[PDB]
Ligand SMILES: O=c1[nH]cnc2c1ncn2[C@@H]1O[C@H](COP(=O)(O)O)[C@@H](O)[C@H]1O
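Before any questions on binding or motion, here is one chain by itself as structure tokens, the form deposited without the ligand.
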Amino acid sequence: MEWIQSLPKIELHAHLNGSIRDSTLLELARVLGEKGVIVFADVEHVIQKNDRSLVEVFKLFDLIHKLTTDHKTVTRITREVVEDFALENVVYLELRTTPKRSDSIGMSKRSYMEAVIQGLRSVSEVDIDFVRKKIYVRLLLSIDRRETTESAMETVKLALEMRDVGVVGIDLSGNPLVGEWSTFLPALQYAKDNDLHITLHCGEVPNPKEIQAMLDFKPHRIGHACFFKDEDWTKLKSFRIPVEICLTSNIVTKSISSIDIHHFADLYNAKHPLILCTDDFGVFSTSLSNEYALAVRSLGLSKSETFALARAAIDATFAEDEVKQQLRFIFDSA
């Protein structure tokens, strides 16, 4: 019910371009149709009933990226996403995004990320700390599974350069059927050796060797873990790696057949760290409050158990100890 919306919450797995307001996406589509760069009726037709199954949803992401890969838009959607999360009482957000290169518009991975920073500086409806509601924001740079080792290294280099504006870690994301772990391991190792924190999209499709190789790398977090086998769970629980749980995402993409069999319940009962996350609240028509409502109903949690779960996410953040202490005070005040 309504008490979940006012619960202080921590979001650790939200993609910038998957978190866009419906109205904003349509406004961008409309402006580009008036320009004739797209046809509004087609782009609206994919937006409406793309299946968002695992295979289908990446075509929607391709389409979104045609609408949003521009400096002004990146700045706008960064502000809108932070404000949307803060207004449902997210008090700490790790926002992840894949820096993009587009030569025709003078966009580099660095200038893309500068537009994100400009968006954070434009936040006005709420108070923000990124290095009246208040939200702490920190940044993850995503490496996409289509990239090369050299390209991944450029992203890691950028992340190190931008630690002064709140970049705290690196993610590996994108189509789980594309690319090989061997391509990304060297760049992720460089990141980890430079004290960046690492989260990995892991087990979105069956892939026993890659799941084991990702676990053996000992990232600080993983996302999803939908197609783990018993040896994978054993290693995960022994390494104590927190899992970013994306309930609606997993169910809509058909990575998990039902919330009633979703592994988040086993993790909860095994006292393994988990954090409820939105993944793409725009694409999947959800919110972090609604993800908690799904979990509270399915597990049968009391208010007190829900508050305890939400608070446990503090020690899984990639934030400095000072920020974690402030989060503890915020939670202990609620």
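For every residue, the number given is its place in the sequence shown, counted from 1.
Note that the form solved in complex with the ligand isn't included here; everything after this is about it.
May I ask you to decide between open and blocked for this site, after superimposing the site C-alphas so that the ligand adopts its pose in the bound PDB entry, counting ligand atoms within 2.4 Å of backbone or C-beta atoms with 3 as the threshold? Check passed, pocket reads open.
With heavy atoms only and a cut-off of 4.5 Å, decide whether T199 touches the ligand in the bound PDB entry. No, no contact at 4.5 Å.
Just checking whether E291 would be counted as a contact of the ligand in the bound PDB entry - the rule being heavy atoms within 4.5 angstroms. No, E291 stays farther than 4.5 Å from the ligand in the bound PDB entry.
Would you check, heavy atoms only and a 4.5 Å threshold, whether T24 touches the ligand in the bound PDB entry? Because no heavy atom of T24 falls inside 4.5 Å of the ligand in the bound PDB entry, the answer is no.
Is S173 near the ligand? Define near as a heavy atom within 4.5 Å, in the bound PDB entry. The answer is yes: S173 has a heavy atom within 4.5 Å of the ligand.
Given that the partner is absent here, state which listed stretch (40 to 48, 273 to 281, 25 to 33, 301 to 309) has heavy atoms within 4.5 Å of the ligand in the bound PDB entry. In the other structure, the partner sits against 273 to 281.
Within 4.5 Å of the ligand in the bound PDB entry, heavy atoms considered, which of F130, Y112, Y190, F227? Filtering the options by heavy-atom distance leaves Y112.
Could you check which residue among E204, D84, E154, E210 gets a heavy atom within 4.5 Å of the ligand in the bound PDB entry? Contact check passes for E204.
Output the sequence-ordered list of residues from 10 to 47 with at least one heavy atom within 4.5 Å of the ligand in the bound PDB entry. The stretch 10 to 47, when checked against the ligand in the bound PDB entry, contributes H15, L16, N17, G18 at the 4.5 Å heavy-atom cut-off.
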